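Asks: The structure's right below; bear with me while I get my questions together.
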There are 2 protein chains.
Amino acid sequence: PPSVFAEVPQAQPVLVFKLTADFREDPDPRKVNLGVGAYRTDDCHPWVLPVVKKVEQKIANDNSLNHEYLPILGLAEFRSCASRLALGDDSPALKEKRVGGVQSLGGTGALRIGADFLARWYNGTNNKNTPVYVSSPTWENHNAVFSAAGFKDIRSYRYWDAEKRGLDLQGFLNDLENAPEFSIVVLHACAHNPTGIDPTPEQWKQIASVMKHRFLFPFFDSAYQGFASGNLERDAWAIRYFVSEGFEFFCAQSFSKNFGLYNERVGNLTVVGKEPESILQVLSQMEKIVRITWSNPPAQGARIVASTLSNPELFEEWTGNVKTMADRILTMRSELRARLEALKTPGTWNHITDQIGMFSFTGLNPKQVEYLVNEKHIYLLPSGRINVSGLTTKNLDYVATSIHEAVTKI
Amino acid sequence: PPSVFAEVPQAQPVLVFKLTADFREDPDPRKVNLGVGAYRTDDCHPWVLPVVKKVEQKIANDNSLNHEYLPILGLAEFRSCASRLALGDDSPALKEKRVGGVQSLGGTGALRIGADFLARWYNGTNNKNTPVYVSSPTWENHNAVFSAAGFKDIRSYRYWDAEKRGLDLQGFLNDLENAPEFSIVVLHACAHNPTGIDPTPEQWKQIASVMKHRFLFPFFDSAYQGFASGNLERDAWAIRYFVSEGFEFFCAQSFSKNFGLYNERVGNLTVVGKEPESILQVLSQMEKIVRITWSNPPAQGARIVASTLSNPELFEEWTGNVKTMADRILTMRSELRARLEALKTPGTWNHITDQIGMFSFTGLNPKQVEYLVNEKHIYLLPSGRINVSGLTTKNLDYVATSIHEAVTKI
Ligand SMILES: CC(C)=CCc1cc(/C=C2/OC(=O)C(c3ccc(O)c(CC=C(C)C)c3)=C2O)ccc1O
Ligand SMILES: Cc1ncc(COP(=O)(O)O)c(C=O)c1O
């Protein structure tokens with residue numbers, strides 16, 4: 001062919017971006033976009049955290065800062081603060097100094113860096129055959145990230161039960177005890193994307209017990225710590241429980257939501273090891289993978305987080321901005337459930353409030369979604385997931401009535 | 001109960017990291033560090049460009065900017081001016097709309113995204129066997145970035161002539177004539193790393209002749225445009241010549257040096273093809289590569305470069321800052337050759353001024369380097385490479401006399 005790129009086709013457009021594209025093209029005056037992948041205020045507007053705007057002003061006014069290369073592993077003060085946020089100041093793994101932190105480009109970078117390491121140094125030398133497990137519907141790119149690291153056997157475990165509209169613990173635990181030993185399990189630390197339903201502490205202890213005696217490697221995805229329920233301790237309970245149980249694991253931390261710094265790509269890959277020497281060996285090889293991916297991480301976003309977490313006055317204001325987004329999400333969840341039960345909508349709806357975080361599995365079948373999209377012009381994925389921050393005091397009456405209508409018919 | 005990281009070897013530091021580490025531990029007060037990987041002033045300090053401090057203020061005073069996800073490919077205004085800076089305003093490829101741009105994490109990210117694409121869609125699907133050609137002394141991560149993409153045959157072409165201390169034109173062109181067709185050739189667009197010696201335009205016209213006669217894919221590495229010569233049009237002549245000759249190529253752009261934004265990771269992958277439809281399809285397939293690497297690029301660094309290249313008043317302040325760095329390096333080279341020839345040092349030394357950029361091959365053998373490090377405490381690589389910006393007017397007289405001893409005594 002004349003062009004070198006002639007035999008290359010147009011990539012498959014991701015399903016949620018096509019949803020947003022069709023939304024902004026729908027001329028209906030009652031259109032609702034519940035498929036936005038970020039937090040939106042009650043006025044359908046993005047929200048820059050006031051703590052972020054204040055910290056950014058001081059960074060802009062700080063001549064102590066140059067623009068020289070950060071270390072390969074990233075900004076030190078951000079790395080220690082990010083892992084202390086997930087593990088806690090009183091973590092025994094920190095006192096024993098068996099913790100490492102690689103600054104990442106959001107959670108996606110931490111998942112890629114961790115998967116690249118596992119596909120090279122874990123369960124043998126370049127063992128691409130290690131099974132990797134994901135949830136019923138997981139994050140759309142969990143499969144793609146581990147597939148890019150070379151893993152050739154990506155499996156799924158039961159998580160969300162459509163009929164009970166909740167967690168399928170027996171399907172989860174039986175898929176775990178049937179997994180080959182030393183398999184990697186991708187675990188949502190809190191705020192399950194996209195279901196929103198999380199295991200209880202007494203359910204996590206059962207999930208952890210299976211992975212312990214089968215040597216299943218936990219890979220935590222902590223993308224909404226604090227942002228989900230408004231409590232930093234409760235959102236990190238599963239991570240810290242695995243710490244007390246002596247687990248070795250990676251934990252992909254994201255600060256795009258609890259800080260609202262989506263476009264600055266602030267992430268951390270926390271590593272917990274048996275020995276302090278094992279961490280310096282892991283961080284030794286993380287540098288080689290970073291070097292060939294992004295040579296070193298950006299500084300602006302990580303500087304915002306490190307200043308916020310290490311300063312007690314700005315840490316208090318940040319938690320105030322976090323509870324703002326969590327309480328509004330909590331309010332929108334309860335307002336929708338109250339409206340749906342007031343109209344006498346068939347079926348159970350306590351899962352609307354049992355789930356947490358920004359995303360929620362509404363529990364409707366694909367063709368009930370098409371009614372909401374085509375007839376009522378409420379845009380959501382056929383998966384049945386909505387963005388709770390997409391609900392407002394203005395559209396709650398129209399959305400709740402439409403969901404009622406979608407379940408009346410069909 | 002051993003650890004899963006128990007057999008992970010402790011990775012050793014790179015040679016450049018050990019050189020700086022040994023330097024700041026050296027107690028001799030005459031020590032000169034010529035191995036810093038960034039621009040340094042006459043006072044051995046980093047330099048934040050004055051236009052960058054001003055643009056950082058304007059961005060902080062812009063309450064309109066949010067922190068929502070940039071497009072997968074990046075900020076459109078940055079990709080607009082980044083590629084426009086490399087190809088020229090009145091470039092035919094731009095007015096014919098056959099140019100694409102991917103915002104990347106520095107030039108290293110642009111190389112990685114480009115290498116990942118070529119390993120999947122170039123010269124067949126998933127062809128990991130297309131030979132990749134690099135300079136015989138090359139930037140070390142070139143082999144590492146393309147190896148991480150999966151290319152199993154990384155080749156070298158003759159470049160640095162140690163005896164004549166210049167460019168081996170006949171060794172370069174001979175290795176390209178014997179290169180297998182459709183082979184990828186990584187080309188330094190300007191200021192070769194680490195030699196600093198560049199092909200003349202008439203030398204570039206012979207390189208482009210062989211690459212066209214054998215369908216060799218050019219992967220340009222433009223990491224010092226403006227920073228090297230002070231002239232943006234001269235530093236991009238080879239790239240713009242390949243456009244006029246009808247080449248399809250990649251060009252990994254870096255803004256770490258000409259803007260001094262090392263730790264903001266500002267890069268761009270310029271794609272030049274024959275048909276505009278294929279270019280869009282290439283950018284789509286690169287979105288899938290990006291979103292599994294870093295989900296989307298950061299905003300701060302790209303905003304700084306975009307505001308600078310978009311506003312004409314800020315554009316000249318930048319070229320004035322660029323001229324300062326290029327002129328100081330030009331003067332440091334000129335005085336180094338002057339003192340060396342004044343001291344009647346054996347051999348030719350016009351290569352110090354014939355080279356361009358802040359990296360120079362001094363023409364010393366590894367044992368002449370050992371004398372400089374051991375007996376004179378001047379820290380440079382065994383290759384003989386020095387950072388010319390590590391030379392100051394207060395140590396230049398001591399370095400030139402030190403180089404004179406090493407060649408007369410060893
Ligand atoms: C500083 C530059 C741009 C050097 C030359 C150059 C750059 C690129 C692309 C890059 O973009 C970047 O940001 C970095 C980067 C990141 C970490 C780092 O330690 C160094 C220092 C390495 C040196 C100075 C040899 C550079 C790149 O390595 C491709 C080819 C090149 O020859
Ligand atoms: C479950 C999950 N994992 C990973 C990510 C990636 O986050 P980031 O954009 O910061 O990389 C997201 C989004 O926050 C997510 O929801």
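Count begins at 1; order follows the chain as displayed.
In case you wondered, yes, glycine gets a Cβ from its N, Cα and C as well.
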Asks: In Swiss-Prot, B:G37, B:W139, B:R385 are given as binding L-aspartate, so which of B:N193, B:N311, B:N321 is in that site too?
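Replies: It is B:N193, as the record lists it for that site.
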Asks: I want the residues beyond B:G37, B:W139, B:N193, B:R385 whose C-beta is within 8 angstroms of the mean position of the L-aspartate site's C-beta atoms, in chain order.
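Replies: Residues close to the L-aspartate site, other than B:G37, B:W139, B:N193, B:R385: B:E140, B:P194, B:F359.
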Asks: According to DSSP, does B:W139 (L-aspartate binding site) sit in a helix, a strand, or coil?
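Replies: Assignment for B:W139 (L-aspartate binding site) reads coil.
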Asks: Cβ under 8 Å from chain A: which of the recorded positions B:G37, B:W139, B:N193, B:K257, B:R385 qualify?
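Replies: Near chain A: B:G37.
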Asks: Who sits close to B:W139 (L-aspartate binding site): which same-chain residues at least 6 apart have their Cβ under 8 Å from its Cβ?
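Replies: When sequence neighbours closer than 6 are ignored, B:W139 (L-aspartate binding site) has B:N193, B:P194, B:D221 within Cβ distance under 8 Å.
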Asks: Far apart in sequence but close in space: which same-chain residues, 6 or more away, have a Cβ under 8 Å from B:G37 (L-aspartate binding site)?
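Replies: Spatial neighbours, sequence-distant, of B:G37 (L-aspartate binding site): B:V16, B:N387.
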Asks: What's the longest C-alpha separation between any two of B:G37, B:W139, B:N193, B:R385, the listed L-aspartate-binding residues, in angstrom?
Replies: 12
Asks: Which one, from the recorded positions B:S147, B:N193, has the smallest tally of other C-beta atoms lying within 10 Å of its C-beta?
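Replies: B:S147, out of the recorded positions B:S147, B:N193, has the fewest neighbouring Cβ atoms within 10 Å.
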